[PDB]
Amino acid sequence: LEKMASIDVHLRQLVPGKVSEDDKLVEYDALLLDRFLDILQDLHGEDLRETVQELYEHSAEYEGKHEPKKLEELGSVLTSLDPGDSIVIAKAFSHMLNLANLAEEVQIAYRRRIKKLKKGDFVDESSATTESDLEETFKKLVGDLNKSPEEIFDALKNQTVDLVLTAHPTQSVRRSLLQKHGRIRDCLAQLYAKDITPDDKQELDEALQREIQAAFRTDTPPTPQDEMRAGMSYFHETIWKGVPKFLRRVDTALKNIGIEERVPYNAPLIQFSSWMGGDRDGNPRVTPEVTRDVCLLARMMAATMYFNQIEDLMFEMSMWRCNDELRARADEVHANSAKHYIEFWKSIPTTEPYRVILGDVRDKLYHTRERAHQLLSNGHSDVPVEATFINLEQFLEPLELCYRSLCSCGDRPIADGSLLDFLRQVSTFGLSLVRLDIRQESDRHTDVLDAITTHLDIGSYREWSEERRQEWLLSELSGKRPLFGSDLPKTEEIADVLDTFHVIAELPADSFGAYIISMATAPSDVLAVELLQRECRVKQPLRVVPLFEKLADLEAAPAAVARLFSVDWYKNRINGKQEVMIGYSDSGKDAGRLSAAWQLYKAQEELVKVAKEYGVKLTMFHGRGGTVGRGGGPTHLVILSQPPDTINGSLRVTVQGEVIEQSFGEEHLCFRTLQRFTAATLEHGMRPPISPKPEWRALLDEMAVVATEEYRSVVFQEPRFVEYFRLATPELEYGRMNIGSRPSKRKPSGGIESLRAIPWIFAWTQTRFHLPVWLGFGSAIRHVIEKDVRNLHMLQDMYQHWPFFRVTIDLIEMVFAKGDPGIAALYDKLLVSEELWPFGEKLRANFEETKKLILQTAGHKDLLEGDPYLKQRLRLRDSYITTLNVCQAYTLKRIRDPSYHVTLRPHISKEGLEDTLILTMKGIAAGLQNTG
Amino acid sequence: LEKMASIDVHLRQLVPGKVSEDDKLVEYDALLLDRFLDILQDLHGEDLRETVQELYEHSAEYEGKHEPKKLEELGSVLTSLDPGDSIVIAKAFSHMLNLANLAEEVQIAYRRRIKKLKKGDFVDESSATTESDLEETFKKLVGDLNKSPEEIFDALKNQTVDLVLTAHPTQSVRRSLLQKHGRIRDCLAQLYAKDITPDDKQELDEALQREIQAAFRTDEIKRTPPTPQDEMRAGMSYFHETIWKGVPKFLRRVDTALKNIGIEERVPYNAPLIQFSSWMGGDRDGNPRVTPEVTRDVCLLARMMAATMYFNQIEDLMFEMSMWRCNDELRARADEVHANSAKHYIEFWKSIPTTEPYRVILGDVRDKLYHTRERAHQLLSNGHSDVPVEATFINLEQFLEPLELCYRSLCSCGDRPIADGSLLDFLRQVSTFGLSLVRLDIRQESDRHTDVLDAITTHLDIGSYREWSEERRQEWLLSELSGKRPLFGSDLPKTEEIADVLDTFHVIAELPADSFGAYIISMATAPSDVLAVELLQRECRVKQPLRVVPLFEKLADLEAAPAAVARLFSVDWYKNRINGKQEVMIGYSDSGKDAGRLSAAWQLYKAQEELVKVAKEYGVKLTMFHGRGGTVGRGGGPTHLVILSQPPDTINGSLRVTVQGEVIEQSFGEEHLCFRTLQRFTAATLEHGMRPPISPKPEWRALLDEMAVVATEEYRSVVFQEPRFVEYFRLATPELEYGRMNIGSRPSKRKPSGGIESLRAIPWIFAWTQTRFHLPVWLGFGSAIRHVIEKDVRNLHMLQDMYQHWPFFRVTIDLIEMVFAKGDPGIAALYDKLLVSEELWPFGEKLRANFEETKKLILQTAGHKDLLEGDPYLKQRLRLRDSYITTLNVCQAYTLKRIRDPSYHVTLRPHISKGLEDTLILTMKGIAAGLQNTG
Ligand SMILES: [Cl-]
Ligand SMILES: [Cl-]
Ligand SMILES: [Cl-]
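Residues numbered from 1 in each chain as written, not as in the entry; some residues may be left out. Chains lettered and ligands numbered in written order. Part of a larger assembly, values for the part shown. Heavy atoms only, no water. Residues with missing side-chain atoms left out of burial classes, pairs and counts.

A. Looking closely at the pairing of strand β5 (residues 547–552) of chain B. Residues and elements named next belong to chain B. Counting buried positions over the 6 residues of β5 gives 5, a clear majority of the element. Here 4 bridges tie strand β4 (residues 516–522) to β5, and the two strands are oriented parallel to one another. Looking at the pairing, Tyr519 lines up with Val548 of β5. Assessed by its sense of winding, the connection that carries the chain from β4 through helix α20 (residues 527–539) to β5 is right-handed. Across 2 bridges, β5 lies against strand β6 (residues 581–586) in parallel orientation. Opposite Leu551, over in β6, you have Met585 as the bridge partner. (Buried < 20%, exposed > 50% of the residue type's maximum accessible area, 1.4 Å probe, protein only. Helix = DSSP H or I, 4+ residues; strand = E, 2+ residues; numbered from the N terminus. Pairing = 2+ DSSP bridges. Right-handed = clockwise from strand over helix to strand, strands pointing away.)

As structure tokens, this is what we get:
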């Protein structure tokens with residue numbers, strides 16, 4: 001059984017050097033692959049294992065030298081498989097790739113940092129191995145920026161990082177498999193403890209095989225409640241315990257620069273928001289009942305976690321010396337009816353006052369859970385609302401009383417233990433863990449107000465000009481008469497909108513965040529949501545957040561927001577705070593990526609100018625994809641790259657589902673995520689990036705013109721482009737496939753304009769081509785190099801000295817690292833008409849030229865020259881991904897073309913090609929993670 | 001703040017050398033003591049901290065050279081304290097001693113073993129650093145005895161270790177304080193990781209200080225002398241702490257060790273290698289607070305604790321059990337369960353689909369567990385329920401069946417590795433803990449049964465069962481058990497005690513057999529006592545009667561015991577009722593209180609010999625239950641040799657031992673300590689079953705018989721013949737204050753009037769353990785060894801041969817020597833000076849001289865010049881503890897003088913920073929926690 005020696009040789013040939021000396025990635029992945037292949041031999045036979053290992057070896061040789069002969073060598077094997085063998089092989093490479101990710105995570109979490117590797121500039125913030133931790137950021141602020149420790153502390157006090165969980169564009173990984181990945185990571189890490197005993201190591205090996213098999217032997221498009229349940233798992237996994245540890249580390253770093261206070265436990269440095277069950281944009285499956293469900297489910301998970309956390313808190317709080325105030329409350333609580341701690345104590349006596357009060361809190365938490373459960377499964381309760389906590393103050397008040405009393409009695413250290421962590425958990429997570437944003441297209445609000453005005457015999461709000469719409473909406477917001485009643489013809493859509501508002505109205509305000517308007521263009525959209533909110537009797541209306549998607553919408557955004565701030569009603573409703581959302585993926589679908597990047601920098605600049613004008617605190621909400629959508633260290637520089645004063649201590653970022661596991665799956669990875677978001681926000685508030693030189697802005701304006709020209713000329717002007725897109729890519733199968741929880745085309749008939757951003761990026765990411773990400777950069781850089789000899793030098797200056805530019809270029813280079821034109825050529829050869837075959841050749845030439853020009857700008861000879869660790873990990877995944885690519889291509893040809901008969905091979909073991917296609921989609925998706 | 005330099009100096013003088021090179025004990029206790037003393041300065045002032053530190057330094061100097069001046073300097077400070085400062089200093093030294101204990105536990109748990117330190121004989125089995133682990137025991141059985149691994153495996157399959165939790169004789173430490181100690185041990189251990197980062201180390205320091213303060217600021221006196229339900233709750237803490245998770249880890253290590261000798265099977269998941277029993281809520285012997293309701297309560301409470309733990313564990317089990325390939329049998333069960341109403345996993349899944357059959361079955365089991373928990377809670381809190389009994393698990397088989405279905409099903413499809421994961425741990429936990437975690441034994445005096453039957457026969461006009469001879473008692477009992485007519489009804493004059501007995505039986509009949517073990521008869525002397533319990537059981541309608549276990553306490557009861565047990569096996573009814581299994585109990589503390597220690601030890605070896613002879617004669621499998629104190633009563637490594645020391649064939653794969661409350665924290669408080677405890681019980685049981693100790697040479701037997709005669713003569717001549725002994729015991733010792741003080745949950749004097757004879761064994765041992773004198777343990781040995789050395793010059797050599805080559809003798813002597821390490825005649829003399837009349841002073845002086853003589857003689861026997869010459873690790877830890885205990889000794893002595901004598905006015909000192917009874921209780925609890933086990 002000498003197969004391990006060969007896979008060892010191929011892994012060492014794929015990743016030759018050591019990116020450090022704790023570089024155990026090759027060792028880790030070799031171990032996981034040996035154990036997996038032994039299990040595979042045991043379950044589906046020797047023949048299956050030999051076939052699989054032959055496929056992987058060819059894949060590694062290809063990712064070695066990129067010989068096109070290797071790809072046909074893979075294909076000859078993969079097409080001769082009957083659907084059963086195809087499914088077993090595809091499943092196998094999916095789990096192998098997953099194991100590579102798990103090993104990769106262990107490497108990242110236990111890679112020792114290097115102090116001597118820091119260069120001293122902003123480039124260090126692009127990798128976790130050199131980025132500034134919390135305290136290095138403090139000493140950067142104190143030494144270089146001449147900020148006082150008091151100023152840093154006060155900034156932290158008023159800072160908020162708000163992380164928004166969004167639905168996975170594909171497989172939102174089930175909670176059970178998250179747990180299994182956790183056990184696998186734990187077993188790996190412990191197996192490499194330089195102190196492990198022989199028996200412990202054997203039992204760890206046996207647990208590792210056991211877990212790999214457990215994950216490999218498990219097989220609707222999950223209901224939005226199920227996907228939400230799955231998306232919330234990271235709170236149980238790492239975030240709940242991780243948050244108080246991080247805040248405590250903030251306290252320590254403050255003590256180490258002379259600050260004697262701790263960060264106030266009620267200061268919302270960390271907040272969590274969710275779109276799961278709230279985003280309705282082109283998703284009729286997200287109903288009012290779905291939103292109510294995920295709201296109550298969230299309140300349930302929160303009550304459970306607080307309930308379970310408060311018993312160990314009750315065990316710790318056994319003191320007797322206390323406040324006069326606390327003693328009064330304890331004697332008060334002692335006057336009542338003790339069912340949830342009989343296993344611990346028959347009853348809580350009055351000489352343990354903290355235990356009395358805390359026991360009453362535990363009882364109210366129990367009634368809170370049971371009521372939320374009763375509302376969820378029925379629609380009414382009988383549990384008195386006064387016997388529960390309804391707002392955060394009812395909850396915080398007795399805990400704060402305990403804290404005051406303990407400090408009163410010289411027991412402050414005890415208070416800074418389980419109690420401080422608990423208080424910080426209540427402040428971070430509230431009664432819901434997350435606050436749900438609601439998202440809907442503006443057009444639906446136009447439809448509702450149009451049915452309303454037509455019903456009042458005043459005309460059609462839709463035909464009205466923007467100014468007339470604003471004037472009517474303003475006259476209604478300032479009036480006292482209601483707008484409509486039950487007597488109102490509602491279409492299914494109009495009734496959905498109003499019913500969603502009624503459900504928001506009947507639920508606690510702690511569950512909701514922002515009302516997000518998709519395709520927002522004008523102030524009347526924002527006023528429409530505010531009016532519909534008020535007239536549906538929502539007592540505390542949500543803050544309305546416009547989403548400006550298209551490029552023209554971005555240009556018109558600061559005028560519309562200034563006009564909104566200028567009207568007295570909206571100015572008194574917002575009370576000096578406004579949140580605006582900009583969409584990177586969406587805008588890229590409109591006008592290419594380079595143009596969306598520069599337009600979003602300028603648009604944020606102008607929005608900040610308006611916000612300073614009217615005295616409003618602006619919060620920029622960064623949607624999905626983009627430069628702000630990356631994993632790990634790059635994000636630190638991403639945040640540092642935003643224009644000066646666009647953050648100002650209030651950051652709101654989408655954590656894309658395709659990165660959320662790499663970011664919160666493990667204890668260390670999670671802690672470092674929270675650390676870098678907080679540190680980059682704090683530093684940016686006190687140390688903005690440089691203002692761009694005037695020639696830099698002129699150069700980017702021209703490049704923006706050329707890049708949007710090329711992008712629209714290929715994507716939108718070419719007549720046969722849509723046919724090519726439907727052939728050289730699995731877009732049709734992705735939409736038909738019940739994969740994306742929502743549908744792809746907003747209007748089923750329409751073109752790419754109506755195609756959503758997620759399938760737009762996905763379709764080209766599956767083929768390792770990524771055209772929506774890089775297209776346009778080529779002609780823009782060619783144009784400026786040819787127009788003036790010196791512009792290359794200017795470009796190289798920007799990449800070296802302008803953070804915004806460096807992060808934009810860095811993203812293009814990274815996406816090219818995940819690209820391989822040869823595989824794309826295979827897709828062309830199998831799936832595209834001969835009439836249309838030369839077209840892909842031209843686009844591929846553009847791919848190569850764009851790659852060379854990006855290298856020239858970054859001063860690099862190879863891709864990712866500055867981040868060898870990431871190059872290593874990506875090169876590792878590519879060996880598995882390439883196999884899922886070839887399998888997906890031939891499977892597509894077999895699905896579309898029943899006239900393509902293959903010489904099948906005999907069944908292998910196990911002692912429908914649609915399923916295999918879905919496997920390859922999920923696999924390739926999991927191996928490429930984030931692109932644009 | 002250079003105070004740290006002084007406490008470091010004193011600590012290094014107390015423990016000078018290194019018992020290894022991972023000896024960080026002095027570092028550990030120095031760090032903890034520094035942090036504690038800083039907290040003490042911050043809360044109660046600088047003067048309080050300086051006074052306390054001056055006291056501790058003097059205490060350590062005393063435990064160094066035993067200079068009598070140091071004791072008067074301690075007393076001089078301690079008498080001048082007004083009651084407030086007395087409370088603060090006593091509390092302070094209690095928590096400091098606890099920290100010495102915690103540092104000691106960390107040192108023991110992380111001390112690396114040394115393979116080169118093994119000598120190759122049985123002496124190695126007396127210390128954790130050299131004892132044989134499971135695999136070393138296997139290879140010792142295979143190499144030296146040429147046993148096949150299959151024989152070892154079959155022995156393990158049929159071996160059972162049965163550990164019985166009994167009430168702590170004093171402060172059964174509250175669950176909360178156990179948890180704080182856990183956090184402190186973890187901060188220490190993590191603070192010394194040789195790779196730890198600066199911020200982590202700073203935050204661990206902050207957590208350590210925080211936790212030490214948390215423990216110091218909780219009261220440990222007020223409320224009630226905890227109700228038996230509360231004491232049971234506190235006693236059950238070790239299942240949540242370590243035992244629940246600990247059982248499957250140990251069994252898996254057993255599997256690995258079996259693999260390393262060629263055995264490919266695992267220990268069958270239903271095989272009872274480990275069992276737990278409880279007396280908490282069942283022992284009524286001289287304890288009227290333990291009522292029938294108490295028994296019903298602890299049974300149902302235990303059933304709740306078990307259902308809770310299974311409920312929480314089966315959710316992770318449900319996450320692991322996500323397979324789809326399954327058995328035809330399991331697939332059928334999944335389709336059936338799917339036909340029903342799904343309320344306990346909405347946060348996880350809306351409902352369980354049929355393509356996850358293991359999740360279907362496990363979810364339905366989880367539902368049944370929730371109904372069981374809430375139902376038992378309803379029975380406890382009311383008296384009835386409404387939860388249908390068919391919607392719960394009433395016996396262990398309903399519970400085990402679907403889990404075995406999952407295991408069989410998983411193995412059918414080549415998923416055996418998956419089954420040997422979360423599921424195997426679960427099956428072994430169900431088999432070990434059952435539906436109750438523990439089985440409650442009931443214990444009652446035989447005399448109470450005599451009272452019940454006497455009221456019965458008097459009510460029927462046949463005579464008084466009490467006046468009847470033993471043979472007539474037997475004849476009547478035998479005529480009644482074989483008959484078809486009931487014995488009594490409601491029309492029966494019952495005294496309060498008789499009603500207690502009958503209600504106890506009625507409660508036993510109304511509860512599941514899964515909750516009960518053995519009915520143990522205290523002061524058992526004759527077969528009529530056992531037949532009385534069997535009859536009262538049958539006539540009180542207990543459907544599945546408990547197995548009856550006589551407790552032979554007094555020496556004469558032990559001598560007559562094999563005759564009585566033989567007579568019991570010879571009666572056809574009892575023979576067919578017991579079905580070939582019998583458990584008999586012997587009591588080490590009881591026998592020592594009767595006849596001294598040496599005679600009770602030798603008498604118990606012979607008594608076990610004779611009981612085995614009877615069991616082999618009649619073909620019955622005998623189980624010896626070892627009560628509290630004794631040679632079988634120690635902490636840690638010594639138990640390994642203790643078990644190996646029992647007479648051949650007395651164990652035979654079924655061991656039942658009392659785990660005394662004063663040691664249970666040292667044995668089950670920490671992960672490693674727990675694993676090694678289970679390991680040494682299992683390994684010692686297996687080895688004794690296959691490799692008995694040598695049989696004693698005839699001259700060793702004759703010699704021990706002589707020593708038994710002389711030793712009982714001295715012991716009874718001092719305890720029972722000296723008239724003023726009872727007078728002295730009430731002065732030189734806090735026996736009176738222990739009983740009057742609401743300390744021992746039960747009372748001391750059985751009949752309040754009587755002497756030591758009616759005094760229970762626990763207060764008897766305790767009273768003398770507090771004064772560092774330990775008279776009940778060593779008295780009689782002095783004269784015995786003197787007698788045999790004088791009769792023949794050569795007997796010393798014979799004694800020295802026995803200690804070196806006879807395990808029983810070595811463990812007995814080892815125990816006496818260990819108790820002597822914890823003894824100090826100077827402190828006992830201080831108690832004499834403060835509390836004892838002058839005309840009785842020579843009496844104590846004479847007793848102390850016996851103390852000295854026995855000590856020297858014990859040394860001569862063990863071939864040692866210093867105490868504990870062969871176990872420096874134990875000597876080291878004991879020396880460490882004694883420096884703290886001594887201050888609590890002097891304080892307790894002067895506090896006793898202040899309580900008894902209000903005519904003793906002291907020149908008080910001013911109060912320091914922000915009731916002598918509470919002080920006394922503090923000193924008792926502290927000294928008890930530092931001295932732990934003796935005899
Ligand atoms: Cl989107
Ligand atoms: Cl639901
Ligand atoms: Cl006893």
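B. Structural detail: the nonpolar core. Counting residues in each nonpolar core, the largest one holds 160 residues, and the members touching the most others are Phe138, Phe272, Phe395 and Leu449 of chain A. If one sorts the elements of this core by residue count, helix α11 (residues 288–316) of chain A sits on top with 15 residues. Not counting the four nearest positions on each side in its chain, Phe272 of chain A is found in contact with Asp162, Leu163, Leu165, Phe235, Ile239, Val243, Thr428, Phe429, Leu433, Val434, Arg435 and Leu674 of chain A. One finds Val254, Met304, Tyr407 and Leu641 of chain B within the second-largest nonpolar core, a separate group that totals 159 residues. (Core = buried A, V, L, I, M, F, W, Y, C linked by side-chain atoms within 4.5 Å. Contact = heavy atoms within 4.5 Å.)

C. Inspection of the interface of chain A and chain B at higher detail. Tallying the contact residues gives 64 residues for chain A and 62 residues for chain B. Between chain A and chain B, roughly 5400 Å² of surface is buried when both sides are summed, and carbon and sulfur atoms account for 41% of that area. When the buried area of chain A at its contact with chain B is split by residue, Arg210, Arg217 and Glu343 of chain A rank highest and sum to 13% of it. Across the contact surface, chain A and chain B share 13 salt bridges. One salt bridge connects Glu206 of chain B with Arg262 of chain A, and the closest N-O pair in it is separated by 2.9 Å. Looking at the side of chain A that touches chain B, the elements with two or more residues in it are α2 (25–65), α7 (175–191), α8 (198–216), α9 (224–231), α10 (233–255), α11, α13 (353–377) and α15 (412–429) of chain A. (Buried area = accessible area lost by both parts, 1.4 Å probe. Salt bridge = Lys/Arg side-chain N within 4 Å of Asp/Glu carboxyl O.)

D. Quick look at the side chain of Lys70 of chain B. By the element assignment, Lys70 of chain B lies in helix α4 (residues 68–79). Residues in contact with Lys70 of chain B, not counting those within four places in the same chain, are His58, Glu61 and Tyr62 of chain B.

E. Focus on the packing of aromatic side chains. Scanning the entire structure with this criterion turns up 98 aromatic pairs over all chains. With 5.5 Å between their ring centres and 85° between their planes, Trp774 of chain A and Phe847 of chain A make a pair best called edge-to-face. Of the two residues, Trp774 of chain A is situated in helix α31 (residues 771–774) and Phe847 of chain A in helix α36 (residues 837–858); the sequence distance between them amounts to 73 residues. The same class applies to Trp774 of chain A and to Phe847 of chain A, which are both buried. Centre to centre, the rings of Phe505 of chain B and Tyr519 of chain B are 5.0 Å apart; their planes meet at 5°, and the pair counts as stacked. One end of the pair, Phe505 of chain B, is in helix α19 (residues 496–509); the other, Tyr519 of chain B, is in strand β4, and 14 residues separate them in sequence. Take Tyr519 of chain B: its relative accessible area is 1%, and that puts it in the buried class. An aromatic cluster of at least three residues, connected via ring pairs, comprises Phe721, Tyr724, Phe725, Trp760, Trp764, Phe769, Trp774, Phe816, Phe839 and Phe847 of chain A. The ring of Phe621 of chain A carries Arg652 of chain A above its face, with NZ or CZ at 4.7 Å from the centroid. Directly above the ring of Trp468 of chain B sits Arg472 of chain B, whose terminal nitrogen or CZ lies 4.1 Å from the centroid. (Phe/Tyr/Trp six-rings, centres within 6.5 Å; stacked < 30°, edge-to-face > 60°. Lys NZ or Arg CZ within 6 Å of the ring centre and 35° of its normal.)

F. Structural detail: unusual backbone geometry. In this model, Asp645 of chain A sits at a positive phi of 70°, which is unusual for a non-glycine residue. Tracing the chain through its elements places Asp645 of chain A in the loop between α24 (634–641) and β8 (650–655). For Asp645 of chain A, a relative accessible area of 39% puts it in the partly exposed group. A positive phi angle, near 60°, is found at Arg772 of chain B, a position not held by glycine. Inspection of the secondary structure puts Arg772 of chain B in the loop between α32 (761–770) and α33 (775–778). Since its relative accessible area comes to 0%, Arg772 of chain B is described here as buried.

G. Up close: the sheet that holds strand β7 (residues 621–626) of chain B. Residues and elements named next belong to chain B. In space, the 8 strands of this closed barrel follow the order β1-β2-β3-β4-β5-β6-β7-β8, with parallel pairing throughout. Pairwise comparison of adjacent strand axes, ignoring direction, gives a mean angle of 25° for this sheet. When β7 meets strand β8 (residues 654–659), the two strands line up parallel, connected through 2 bridges. Bridge pairing in β8 links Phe625 to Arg656. (Axes fitted to C-alpha atoms, helices over the stretch in contact; angles between N-to-C directions.)

H. A look at the UniProt feature "active site" in chain B. Residues and elements named next belong to chain B. Under the present numbering, the feature "active site" in UniProt falls on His168 and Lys593. Examined against the element boundaries, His168 turns out to sit in the loop between β1 (160–165) and α8 (175–191). In this structure, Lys593 sits in helix α24 (residues 588–595). Here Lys593 is in contact with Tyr715, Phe720, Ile756, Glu757, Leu759, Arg760, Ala761 and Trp764, once residues within four sequence places are set aside. (UniProt positions renumbered as here; feature names shortened; annotations may be inferred.)

I. Seen up close, the sheet that holds strand β4 (residues 512–518) of chain A. Residues and elements named next belong to chain A. Overall, parallel pairing links the 8 strands, which are arranged β1-β2-β3-β4-β5-β6-β7-β8 in a closed barrel. Neighbour-to-neighbour, the strand axes of the sheet open up by a mean angle of 25°, direction not taken into account. Sheet topology places strand β6 (residues 577–582) next to strand β7 (residues 617–622); 6 bridges connect them, and they run parallel. The partner of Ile582 across the bridge, within β7, is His622. Packed on one face of the sheet, α11 meets β3 (435–441) and β4 and runs near 165° to β3.

J. Here's a closer look at the side chain of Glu553 of chain B. All names here are of chain B. Note that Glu553 resides in the loop between β5 and α21 (555–559). As a buried residue without a salt bridge, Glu553 has its nearest oppositely charged side chain in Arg443, at a separation of 4.9 Å. If sequence neighbours within four positions are ignored, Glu553 has contacts with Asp285, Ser522, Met523, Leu558, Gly587, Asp590 and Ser591. (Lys, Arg positive; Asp, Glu negative; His and termini not counted.)

K. The arrangement of the UniProt feature "active site" in chain A in detail. Residue and element names in this part refer to chain A. Summarizing the sequence annotation, UniProt attributes the feature "active site" to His168 and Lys589 in the numbering used throughout. With respect to the helices and strands, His168 occurs in the loop between β1 (160–165) and α7. The class for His168 is buried, based on a relative accessible area of 18%. The contacts of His168, once residues within four sequence positions are left out, are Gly657 and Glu658. Structurally, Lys589 can be placed in helix α22 (residues 584–591). The exposure class of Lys589 is buried, given its relative accessible area of 9%. Non-local contacts of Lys589, meaning those with residues more than four positions away in its chain, are made with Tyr711, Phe716, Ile752, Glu753, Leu755, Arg756, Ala757 and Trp760.

L. Main features of the environment of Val383 of chain A. Residue and element names in this part refer to chain A. Along the chain, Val383 turns up in the loop between α13 and α14 (392–408). Looking at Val383, the relative accessible area reads 9%, which means it is buried. Remark: the alpha-carbon pair of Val383 and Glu370, spanning 13 residues in sequence, is separated by 7.9 Å. Ignoring anything within four residues of it in the chain, the contact list for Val383 reads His367, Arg371, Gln374 and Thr388.

M. View of the pattern of salt bridges. As enumerated under the stated definition, the model contains 151 salt bridges over all chains in all. For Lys612 of chain A, the salt bridge identified is with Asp645 of chain A, shortest N-O distance 3.2 Å. Of this pair, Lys612 of chain A sits in helix α23 (residues 593–614) while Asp645 of chain A is found in the loop between α24 and β8, placing the two residues 33 residues apart along the sequence. Residue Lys612 of chain A is classed as exposed on the basis of its relative accessible area, which comes to 58%. Close ionic contact of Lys616 of chain B with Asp649 of chain B constitutes a salt bridge, the shortest N to O distance being 2.9 Å. With a gap of 33 residues between them, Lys616 of chain B in helix α25 (residues 597–618) and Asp649 of chain B in the loop between α26 (638–645) and β8 connect regions that are remote in the sequence. Look at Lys616 of chain B and you get exposed, because its relative accessible area is 59%. Given a relative accessible area of 41%, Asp649 of chain B falls into the partly exposed group.

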